[PDB]
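Given as structure tokens, the chain that follows is alone and in the form deposited in one PDB entry.
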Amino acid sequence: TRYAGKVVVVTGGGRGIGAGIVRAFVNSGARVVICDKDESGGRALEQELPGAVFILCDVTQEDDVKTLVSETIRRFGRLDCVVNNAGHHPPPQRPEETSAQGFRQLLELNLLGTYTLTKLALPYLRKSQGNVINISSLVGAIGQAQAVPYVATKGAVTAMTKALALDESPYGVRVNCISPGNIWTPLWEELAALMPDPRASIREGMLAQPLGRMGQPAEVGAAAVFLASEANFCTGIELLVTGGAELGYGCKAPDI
């Protein structure tokens, strides 16, 4: 009952972190709209979870997003929280292997889709004194190798979260982000499968955390439910869900 009577939209909620967030909010008592560009996972999740429904929506298509918001209000009568989770990490790319156009396309998903849904949702979030939760990444803060466009998009999301928090504070609408580190998801598994030694790639990812394991979608979901339901004095924060990967010295490569 922590978030009972509330209505939540989760983008990219059909699998991975997004599905973990969907499950966490349903378990808290909320009704959840699962937005995803792929039907497979999200439609099955709707059948599985009574408090969840699936709406096909590509967050890069402004008309898809307009319909997502108007259908949410038409079907459920209010909107309390938007979780902007949809996003993609390309395979490793050296800087000279990137393109401006590929950079533009990744900005369209990771940044502008978050911007567009947030903009269309804010009039309703103001009425409900709701909140926005953006899923950024630890690598926006500390960088990552072979990922210049991806890192840039998440640096933008984290910064945008703080700007929006300032703008919406007089209306009682909080805007926060979660920065996960290595979370074991289908995207992580897909990316490891492209590596010469997938098992070695996965073990390296596990040992990047002092805790010695990757995180779970359910753990990101619990952080999201906290930010929505119990963090009434938090706005503009970056909640790290990383297992301590940012702590201490590690292998990143006597004084010349």
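Quick note: we count residues from 1 along the sequence shown, nothing fancier. If you superpose the two forms and keep the largest set of C-alpha atoms that fall within 1.5 Å, you have the rigid core.
One more form of this protein exists, namely the form deposited in another entry; it is left out here, but the text below deals with it.
Chemist: With the two forms aligned on the rigid core, which of the residues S229, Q209, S201, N27 moves its CA by 2 Å or more between this form and the one not shown?
Modeler: Everything else stays below 2 Å; the exception is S201.
Chemist: After fitting the rigid core, is the C-alpha of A218 off by 2 Å or more between this form and the one not shown?
Modeler: Shift of 2 Å or more: no.
Chemist: Against the rigid core, is the Cα displacement of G102 between this form and the one not shown at least 2 Å?
Modeler: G102: C-alpha displaced by less than 2 Å between this form and the one not shown.
Chemist: Is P186 one of the residues whose C-alpha moves 2 Å or more between this form and the one not shown after the core fit?
Modeler: Yes.
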